[PDB]
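Asks: Sharing a structure with you now.
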There are 4 protein chains.
Amino acid sequence: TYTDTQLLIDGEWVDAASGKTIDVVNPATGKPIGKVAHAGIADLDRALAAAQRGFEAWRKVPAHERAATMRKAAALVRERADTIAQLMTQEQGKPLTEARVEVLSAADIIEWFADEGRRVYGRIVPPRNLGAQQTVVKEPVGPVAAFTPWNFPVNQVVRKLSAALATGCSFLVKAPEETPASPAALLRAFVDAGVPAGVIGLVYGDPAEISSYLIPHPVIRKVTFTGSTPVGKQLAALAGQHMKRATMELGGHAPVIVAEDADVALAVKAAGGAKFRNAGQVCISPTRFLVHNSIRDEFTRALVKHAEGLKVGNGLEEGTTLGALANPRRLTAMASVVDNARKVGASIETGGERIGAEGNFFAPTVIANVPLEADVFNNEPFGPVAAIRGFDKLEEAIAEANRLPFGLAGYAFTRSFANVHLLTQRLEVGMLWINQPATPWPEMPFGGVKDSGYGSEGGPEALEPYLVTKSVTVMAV
Amino acid sequence: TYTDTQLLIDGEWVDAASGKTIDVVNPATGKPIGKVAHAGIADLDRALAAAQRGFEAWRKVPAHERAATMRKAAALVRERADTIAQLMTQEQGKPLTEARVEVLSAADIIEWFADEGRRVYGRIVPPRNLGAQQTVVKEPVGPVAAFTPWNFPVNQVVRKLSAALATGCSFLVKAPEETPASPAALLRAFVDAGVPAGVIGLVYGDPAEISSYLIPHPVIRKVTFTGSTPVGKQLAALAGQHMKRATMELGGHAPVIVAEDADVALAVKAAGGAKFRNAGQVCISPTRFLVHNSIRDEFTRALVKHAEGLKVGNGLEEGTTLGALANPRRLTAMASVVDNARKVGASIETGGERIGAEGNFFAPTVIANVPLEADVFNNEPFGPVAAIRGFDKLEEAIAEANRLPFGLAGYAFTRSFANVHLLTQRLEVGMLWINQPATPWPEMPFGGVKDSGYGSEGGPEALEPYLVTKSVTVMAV
Amino acid sequence: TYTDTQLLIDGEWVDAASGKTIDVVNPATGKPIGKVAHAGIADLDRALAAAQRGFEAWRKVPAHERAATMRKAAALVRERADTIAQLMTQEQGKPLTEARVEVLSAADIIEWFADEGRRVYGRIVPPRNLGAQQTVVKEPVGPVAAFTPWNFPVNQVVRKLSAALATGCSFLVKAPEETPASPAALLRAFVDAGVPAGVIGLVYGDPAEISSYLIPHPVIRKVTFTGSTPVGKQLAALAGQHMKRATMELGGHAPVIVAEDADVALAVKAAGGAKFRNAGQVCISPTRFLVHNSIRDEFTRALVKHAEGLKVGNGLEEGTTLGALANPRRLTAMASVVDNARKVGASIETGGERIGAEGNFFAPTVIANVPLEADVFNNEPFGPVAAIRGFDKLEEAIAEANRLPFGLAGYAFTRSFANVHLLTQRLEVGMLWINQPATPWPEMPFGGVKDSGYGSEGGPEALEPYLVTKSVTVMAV
Amino acid sequence: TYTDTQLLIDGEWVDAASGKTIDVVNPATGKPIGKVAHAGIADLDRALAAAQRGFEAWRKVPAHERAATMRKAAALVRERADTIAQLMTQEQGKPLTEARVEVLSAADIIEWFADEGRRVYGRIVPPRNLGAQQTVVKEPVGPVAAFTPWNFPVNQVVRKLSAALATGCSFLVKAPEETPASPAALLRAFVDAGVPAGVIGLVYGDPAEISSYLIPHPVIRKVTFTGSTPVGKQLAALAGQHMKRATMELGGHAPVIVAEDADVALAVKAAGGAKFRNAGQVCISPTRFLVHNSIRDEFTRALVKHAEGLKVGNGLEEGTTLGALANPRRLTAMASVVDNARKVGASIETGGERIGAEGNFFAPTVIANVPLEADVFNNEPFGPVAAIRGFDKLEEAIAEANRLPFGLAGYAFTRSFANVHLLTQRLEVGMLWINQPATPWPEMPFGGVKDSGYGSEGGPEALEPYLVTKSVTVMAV
């Protein structure tokens with residue numbers, strides 16, 4: 001059953017001071033299922049004061065003790081995976097099998113970052129004067145304000161939170177209001193694991209009012225944001241105005257390059273399965289399919305058959321492989337994308353229409369003969385729609401893949417080492433997957449370039465935005 | 001003799017399209033000595049087009065060949081050290097001996113970064129699937145727009161330029177208009193060393209108009225700024241609005257902690273000499289002298305005697321150890337700082353008045369019994385003035401040193417390991433020097449925290465802002 | 001109750017083919033308590049064949065799966081800590097509290113190395129030709145033959161085994177015959193955790209015959225030995241004769257430097273407690289106490305009082321802080337060391353005689369006025385005896401601490417940063433502890449120099465002896 | 001003109017105390033050209049005493065000053081490249097063009113290691129107790145004894161010497177007696193560059209007597225050897241007997257795998273040119289050509305034509321691409337290898353006989369249809385002879401390439417990423433080159449596995465054998 005969500009301030013789950021709440025609806029039915037507290041300025045003041053105290057206590061806990069507490073939270077998350085997955089499905093719409101995968105991988109993310117926190121190594125530099133010692137020490141930056149979207153309510157919070165806790169920083173996150181229950185369950189596991197009060201905080205309310213107050217507040221030292229590019233540009237400008245360290249993970253437009261020597265069956269299974277994961281509402285979802293003209297037609301038929309094999313329905317019902325879209329605004333965007341494709345002369349091979357009249361169900365869509373001016377090839381669709389366009393020379397495919405200002409993810413399918421070497425050097429993406437779907441592991445860096453933002457949420461590089469570099473030189477006399 | 005300065009666009013030294021120029025005056029006499037080209041929008045268009053082509057060519061040159069070209073430029077800089085130093089002294093005001101030290105250390109900076117460019121190492125991660133290869137590759141971010149102040153016309157340009165060239169990026173810098181000749185001489189050495197046309201560019205003009213056009217331009221991928229905090233906040237907000245990667249080095253307010261067990265003679269020689277380097281117009285200049293009450297009076301007398309031993313005059317004349325201030329606005333700031341100190345009850349131990357009536361000469365000033373509300377203890381003076389305040393407990397000195405939002409540099413003097421360990425952990429600075437003056441080496445990270453900005457200009461960390469991290473996973477089938 | 005010990009070959013606990021056994025006696029009573037299998041050449045043949053197959057399977061298991069199996073073994077070790085500790089006490093003699101600490105710290109060692117195995121990172125080098133890729137890959141060396149002493153039966157096996165398993169190597173260890181039960185219990189936990197058959201092997205018998213056969217065998221690729229220097233020289237020569245990679249951890253002679261400004265009470269508590277840990281039968285046991293003459297007499301009285309406060313008895317009995325020596329040969333060595341000290345003119349401040357007539361109980365001994373020619377100051381005593389000698393200048397203490405060819409551990413006590421910096425630079429030891437007793441953590445390198453051997457058993461450096469470095473350059477054409 | 005060679009002891013070029021000398025002959029004519037001093041035990045005593053003093057002085061010189069001295073030596077080597085090359089050709093036999101390449105690449109090796117010495121970084125570990133500091137410091141091991149062969153008289157000395165000098169160690173090398181002049185010229189450049197007396201030493205004489213005395217001497221702390229496997233086993237056993245850290249670079253047996261999809265013309269040009277470099281007297285010379293049966297016959301014809309295009313003659317004469325073998329023992333080995341191949345049924349496609357009657361000239365030899373039992377396929381030929389054998393499946397080629405106990409180098413030629421990935425994982429070699437000849441750069445690790453020794457002479461790993469790892473933990477109280 002779906003439960004109501006409160007705010008987490010200073011270790012206590014509390015209501016807002018004014019008592020205001022926001023209704024939460026099920027995307028598959030459109031009916032209310034619960035509500036979440038709507039925090040005001042007064043609640044943010046208490047959260048910011050608790051965040052300052054939490055940073056003081058957490059930075060004094062040794063790294064091996066912070067790792068032990070973090071790994072106990074990961075065990076609690078893994079124990080409660082079924083319950084958290086059910087909350088995620090009801091509020092977000094993804095199938096129960098996909099929700100369970102996200103929760104289990106979140107526990108894997110916590111465990112890796114817990115060990116990474118014990119390996120934040122300083123440096124000893126060979127001194128210019130042997131009578132002095134030159135060292136480079138690493139310290140937590142301080143309290144962190146975070147903002148996360150609804151696409152992966154638990155996974156997109158767990159990466160920011162794990163990196164902040166592993167370095168010794170405090171963490172105050174505004175989770176998405178449309179999917180509040182599963183992020184609250186993730187933070188409840190950390191509270192039960194023994195994270196001290198004030199080290200972690202959770203708020204909900206008006207996104208614009210909360211971000212406008214936390215970012216300029218002197219307590220906050222670091223801002224991290226994941227979401228849309230237009231919103232990220234607003235918050236990055238505000239962070240720059242007050243000289244706050246910031247990292248941005250924004251929307252992407254992932255190209256897929258299917259070379260002449262590609263395995264067509266492997267490309268359809270990998271890129272097709274990655275296309276419809278989370279109903280295409282993923283920042284790294286394969287969007288622009290650039291298929292070589294020699295095997296383009298065979299690729300299109302197989303992709304259409306794969307899309308027609310998906311079962312669309314309620315995510316709680318067994319056998320569902322494609323759930324409802326998270327919000328009605330995605331339904332409007334899907335209709336606009338398909339309508340524009342028809343106008344510009346593209347062909348709708350399958351899907352392209354709303355299923356039913358209740359919920360946010362949209363059929364998986366494959367579009368062929370897409371011109372370069374179509375909206376689907378310039379703006380991120382963020383839905384279950386694939387666009388296919390042919391090419392002759394691999395240099396033409398690379399040039400098209402680099403045309404847009406989005407630099408987040410890319411995909412390729414080829415057999416020769418020369419093609420792999422060329423695509424590694426030339427594609428302007430933060431992540432490249434060849435001959436397989438995306439497998440984002442905690443040990444691999446996760447981030448984009450250009451308008452997709454900057455900063456990494458995986459690997460050892462994920463801790464650098466939360467750390468300050470200090471040069472120390474002591475003359476021994 | 002002082003020469004006029006042109007713009008460097010696409011490998012050619014050219015005038016502005018409109019022919020406009022800006023007069024350059026000698027700070028020690030107030031008389032014109034030359035002029036510098038005033039670039040408009042049209043010249044910026046040619047520079048941006050050349051920067052895009054320069055990035056294409058420079059990124060294809062192997063790292064060992066880029067290092068060889070960089071080291072040849074360092075040899076030319078070292079050969080021309082005397083000529084460059086004379087230009088710096090006439091336009092900026094620092095003594096000829098200090099100018100020569102800056103130029104020679106610039107060549108040392110180039111050589112270190114040339115070797116560091118050959119050690120930009122990728123990573124191979126143990127794969128989750130043995131049939132696939134997981135790698136992390138490093139690539140240049142792209143064209144870089146830079147903005148530098150007049151305090152160190154050559155050194156503050158050479159750090160940004162060396163890091164950009166070592167990673168393979170192109171570099172377009174707006175050097176300060178009041179000190180144009182010595183930055184132009186530094187870039188001339190790189191042109192003579194064989195840097196391809198368009199890889200490096202140099203412009204002058206209206207700082208607001210140039211920054212407002214280069215930062216949002218799609219060609220620019222990375223912005224780096226050094227200067228005042230209020231200006232840095234404007235450019236960081238603009239960079240965030242267009243999602244451009246940015247690094248900021250802003251003003252600081254350096255505290256000095258003289259502990260009970262400190263060597264008083266060593267503290268006066270080290271902190272006093274570092275105070276009046278470049279007439280205190282350094283972002284890491286020791287400003288807030290927190291001296292233990294047991295040896296405060298002895299410290300004050302020795303510091304006053306050290307200040308009175310300085311010879312004030314033209315930087316070209318031999319025997320001068322303190323030159324003229326760089327611009328008349330520093331003269332007004334010095335008078336305002338001393339006047340406010342008198343009002344709040346502080347005592348002027350020495351100096352505190354303008355010397356003569358021609359130029360920008362100000363006497364070295366020592367102020368004692370400074371209250372916490374005085375302007376010198378809250379705002380960065382950026383001049384040859386030291387403020388002394390006593391303390392009893394070391395925890396009180398640490399709390400005062402962390403009170404201001406400036407986090408750039410700190411200084412300490414102590415003998416016990418416990419004091420060194422405590423100050424290393426507690427002081428919120430990017431750089432700490434104990435028992436010695438500041439010795440910024442190219443291998444040591446250089447940067448601040450909080451309102452002093454973010455990012456490092458030394459060590460291996462200096463290359464990270466100019467590099468993009470790409471995760472590559474290739475399934476072998 | 002004490003159990004008999006079998007061999008672990010190919011995943012099965014089996015007896016020797018000939019059925020021969022070796023009696024195990026309790027060091028505190030001298031009575032038999034059990035027996036251990038005595039393997040011959042035929043059993044070594046089966047173990048070597050199984051080791052080759054175990055390396056093939058284990059090297060194909062992904063690092064994250066090997067880490068999961070290793071952490072499950074650590075949980076089993078922690079669950080069975082009480083049972084393993086009782087076996088260790090009965091066969092080795094250390095108190096039950098010390099035995100429990102060793103077992104619990106062994107589980108901590110396994111967990112750190114499990115995570116370290118996932119961070120064995122390759123390198124990507126900037127190529128001289130952009131058309132080619134230069135990489136440095138890391139691979140397991142292969143099957144490993146190990147030899148461990150009786151001082152820490154579980155801890156000294158767990159460090160070699162954890163490093164071998166984390167890199168993907170197979171591991172065949174000859175555990176000490178006098179303490180066979182607790183090493184067998186540690187390896188039983190790895191078998192129960194799911195380590196495949198042949199990856200781990202355990203043998204007992206004649207140490208000379210086993211080492212003479214495993215080291216030259218073509219299956220073995222790496223040899224690791226911990227024990228006495230004379231035996232290590234024999235096995236290192238044999239390894240060199242057959243070009244087998246080898247690491248050696250041999251005996252040490254740890255100096256303690258108590259400076260003029262040292263905290264005398266802290267030095268007595270830290271160095272005195274570390275002296276009598278495991279009854280001084282530790283390779284890093286503080287042996288040569290060089291105490292400044294100004295506080296030498298006060299230090300000697302406090303150390304004598306600390307030694308007299310130890311309770312000597314059976315390790316199973318509660319309240320015992322000093323157990324029996326592990327074997328009768330240590331009793332003879334203790335008598336010889338004390339007798340030689342009396343002859344050379346040294347004074348026995350406390351202890352120096354055998355306690356009782358049954359077992360291997362020796363009183364804690366403090367010797368003062370020790371000359372430089374005494375046996376205790378030249379040969380490693382490996383017992384509960386401390387030797388004290390005075391000094392005037394710190395340079396004299398450093399010279400004495402570097403006189404012996406032993407380079408394993410050192411201790412110091414001082415307050416000034418200059419003394420800490422000087423001792424860090426000058427002391428020829430692999431490990432230095434100042435103002436505290438030894439705290440060997442898995443993340444810290446553990447090894448010696450000169451006659452103490454080479455190679456590290458902690459930190460990331462502990463994996464290098466088990467890894468091979470391969471340069472790969474592929475031209476893309 | 002060829003000059004006589006003296007010993008370098010304590011900064012002075014001196015004769016042996018007994019005055020004994022060893023004649024040096026030209027391999028291309030068999031006539032004497034000079035002589036070299038023959039050092040005895042007494043001269044080794046002076047060299048060892050000077051080495052101890054040289055280590056004391058050199059370890060106190062800062063890394064940036066040691067790098068400056070090293071780079072000045074590299075400039076002198078590059079200036080004197082022509083003179084050094086002429087000495088190398090007359091005494092060793094390789095063509096003048098090859099000798100010049102070796103000398104110029106030696107200067108490149110020095111420059112890389114000079115910069116690498118400034119980046120010997122320590123580590124700061126996150127402490128378990130926040131009141132203490134845990135650091136890992138790196139220090140020079142001490143005096144180093146080196147032994148080098150005649151194949152690359154300058155290059156094989158320069159790698160050991162550059163690594164020793166960059167870490168601060170002293171260096172005493174026994175250069176080969178048959179090629180003494182060019183190693184002496186390389187060390188003369190370091191003396192002229194300002195390396196202090198005793199830091200570098202050079203001796204000649206009886207190799208067995210010198211190695212038997214330097215290795216056990218207490219002054220020597222590290223031994224490094226390059227040469228044949230049987231001799232390396234003798235010196236590694238002696239080093240183990242006295243517990244001296246040792247690294248071994250021994251002979252190899254390089255396989256070449258020409259896959260089905262290989263570029264046959266590229267494989268012949270790359271592997272054929274690498275085969276006859278230095279007349280095949282290289283430890284990484286391609287020896288066992290495993291060519292796929294589909295293109296085996298075409299490969300054999302092209303390789304034969306390439307061998308017949310070589311011009312054999314005196315290395316000083318212009319147009320010579322294959323010089324004389326270095327010593328008459330190589331002539332006997334070449335005849336024995338060809339004779340055994342005829343007996344076992346192999347076919348001599350070209351060459352296989354001595355050219356002329358004066359000198360050590362042997363014709364380039366290509367052997368086809370080589371059985372697995374032939375001497376050329378089991379023992380390292382170390383000459384200008386290639387052996388070709390066909391295969392059907394790539395797994396069969398990999399199994400053959402891993403059959404011998406030699407693990408130094410490997411070569412491959414393929415186009416698919418799957419083949420590259422498979423060969424990288426499976427080939428038991430220290431170095432792998434695909435689609436190109438060997439390009440050993442100073443930044444790439446250089447070393448073997450199994451009977452080829454251990455340790456690396458390139459990359460950052462080349463400094464580890466000359467460094468000691470010290471754990472330091474200081475409790476701040």
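Residues are referred to by chain and number: the chain letter is A, B, ... according to the order shown in the structure tokens, the number counts from 1 in that chain, and ligands are numbered separately from 1 in the order shown.
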Compute the chain C side of the contact with chain B at 9 Å, counting only C-alpha atoms, and hand it back as an mmCIF file with C-alpha atoms, in the first residue's frame.
Replies:
data_model
loop_
_atom_site.group_PDB
_atom_site.id
_atom_site.type_symbol
_atom_site.label_atom_id
_atom_site.label_comp_id
_atom_site.auth_asym_id
_atom_site.auth_seq_id
_atom_site.Cartn_x
_atom_site.Cartn_y
_atom_site.Cartn_z
ATOM 1 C CA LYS C 60 38.071 -15.913 -15.053
ATOM 2 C CA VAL C 61 35.806 -14.816 -12.176
ATOM 3 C CA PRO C 62 35.090 -11.055 -12.330
ATOM 4 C CA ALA C 63 36.628 -8.882 -9.631
ATOM 5 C CA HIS C 64 33.261 -7.854 -8.181
ATOM 6 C CA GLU C 65 32.256 -11.516 -7.852
ATOM 7 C CA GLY C 117 40.839 -6.229 -5.932
ATOM 8 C CA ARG C 118 38.167 -4.250 -7.778
ATOM 9 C CA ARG C 119 40.553 -1.273 -8.080
ATOM 10 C CA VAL C 120 43.464 -2.967 -9.853
ATOM 11 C CA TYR C 121 43.581 -0.268 -12.519
ATOM 12 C CA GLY C 122 45.342 -0.326 -15.854
ATOM 13 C CA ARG C 123 46.691 2.769 -17.558
ATOM 14 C CA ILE C 124 46.235 4.499 -20.912
ATOM 15 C CA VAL C 125 49.365 6.357 -22.019
ATOM 16 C CA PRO C 126 49.250 9.354 -24.403
ATOM 17 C CA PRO C 127 50.532 7.767 -27.612
ATOM 18 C CA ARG C 128 53.468 8.934 -29.678
ATOM 19 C CA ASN C 129 51.402 8.052 -32.766
ATOM 20 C CA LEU C 130 47.738 9.042 -32.606
ATOM 21 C CA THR C 135 47.805 0.601 -22.680
ATOM 22 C CA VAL C 136 49.250 -0.964 -19.535
ATOM 23 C CA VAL C 137 47.221 -3.935 -18.292
ATOM 24 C CA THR C 414 58.650 13.499 20.615
ATOM 25 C CA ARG C 415 56.628 16.710 20.516
ATOM 26 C CA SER C 416 58.401 19.028 18.054
ATOM 27 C CA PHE C 417 57.762 19.027 14.318
ATOM 28 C CA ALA C 418 61.506 19.271 13.631
ATOM 29 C CA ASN C 419 62.158 15.994 15.457
ATOM 30 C CA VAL C 420 59.301 14.265 13.607
#
Asks: Residues near residue 451 in chain C, anyone? I mean within 8 Å using only C-alpha atoms, not counting same-chain ones fewer than 2 positions away, as a ChimeraX atom specification.
Replies: /C:229,250-251,405-407,448-449,453 /D:243
Asks: Would you please give, as a PyMOL selection string, all residues of range 207-435 of chain B that DSSP assigns to strand (DSSP E or B) based on the backbone?
Replies: chain B and resi 222-226+245-249+254-258+286-292+312+322+347-350+354+362+365-368+385-391+406-407+409-413+416+431-434
Asks: Could you please determine the separation between CA of residue 387 in chain C and CA of residue 351 in chain C in Å, to one decimal place?
Replies: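 CA of residue 387 in chain C sits 12.5 Å away from CA of residue 351 in chain C.
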Asks: Run DSSP on the backbone and tell me which residues of range 241-271 of chain D come out as helix (DSSP H, G or I); list them as a ChimeraX atom specification.
Replies: /D:241,264-271
Asks: Report as a PyMOL selection string all protein, DNA and RNA residues lying within 10 Å of residue 431 in chain C, evaluated on only C-alpha atoms, omitting residues in the same chain fewer than 5 positions from it.
Replies: (chain C and resi 254+284+407-411+424+438+440+444-449) or (chain D and resi 136+469-473)
Asks: At what distance in Å, to one decimal, does CA of residue 231 in chain C lie from CA of residue 379 in chain C?
Replies: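 Computing it gives 15.2 Å between the two atoms.
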Asks: Residue 144 in chain A: which residues within 9 Å, counting only C-alpha atoms, same-chain residues fewer than 2 positions away excluded, as a PyMOL selection string?
Replies: chain A and resi 51+141-142+146+164+169-173+219-224+466
Asks: With only C-alpha atoms as the atoms that count, which of B:205, B:148, B:244, B:391 lies nearest to residue 19 in chain B?
Replies: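 Of B:205, B:148, B:244, B:391, the one nearest residue 19 in chain B, counting only C-alpha atoms, is B:205.
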Asks: With a distance cut-off of 6 Å and only C-alpha atoms, select the neighbouring residues of range 84-90 of chain C, excluding the residue or stretch itself and same-chain residues fewer than 2 positions from it, and output the selection as a VMD selection string.
Replies: chain C and resid 26 81 to 82 92 to 94 96 99 to 100 182
Asks: Would you export the selected residues with N, CA and C atoms as a CSV table (one decimal), in the first residue's frame, please?
Replies:
chain,number,residue,atom,x,y,z
C,26,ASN,N,50.4,-28.4,23.8
C,26,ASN,CA,50.1,-27.1,24.4
C,26,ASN,C,51.3,-26.5,25.0
C,81,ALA,N,34.8,-16.3,15.4
C,81,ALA,CA,36.0,-15.7,16.1
C,81,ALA,C,36.3,-16.4,17.4
C,82,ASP,N,35.3,-16.7,18.2
C,82,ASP,CA,35.5,-17.3,19.5
C,82,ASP,C,36.1,-18.7,19.4
C,92,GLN,N,49.3,-22.1,20.5
C,92,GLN,CA,50.3,-21.0,20.4
C,92,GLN,C,50.7,-20.4,21.7
C,93,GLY,N,49.8,-20.2,22.6
C,93,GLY,CA,50.1,-19.7,24.0
C,93,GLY,C,49.7,-18.3,24.3
C,94,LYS,N,49.3,-17.5,23.3
C,94,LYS,CA,48.9,-16.1,23.6
C,94,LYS,C,47.6,-16.1,24.3
C,96,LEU,N,43.7,-15.4,25.5
C,96,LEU,CA,42.5,-15.5,24.7
C,96,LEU,C,42.0,-14.1,24.2
C,99,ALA,N,44.2,-13.4,21.2
C,99,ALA,CA,43.8,-14.3,20.1
C,99,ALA,C,42.5,-13.8,19.4
C,100,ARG,N,41.5,-13.3,20.2
C,100,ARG,CA,40.3,-12.8,19.6
C,100,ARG,C,40.6,-11.5,18.8
C,182,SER,N,44.3,-23.1,13.9
C,182,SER,CA,43.7,-21.9,13.6
C,182,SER,C,43.9,-21.5,12.1
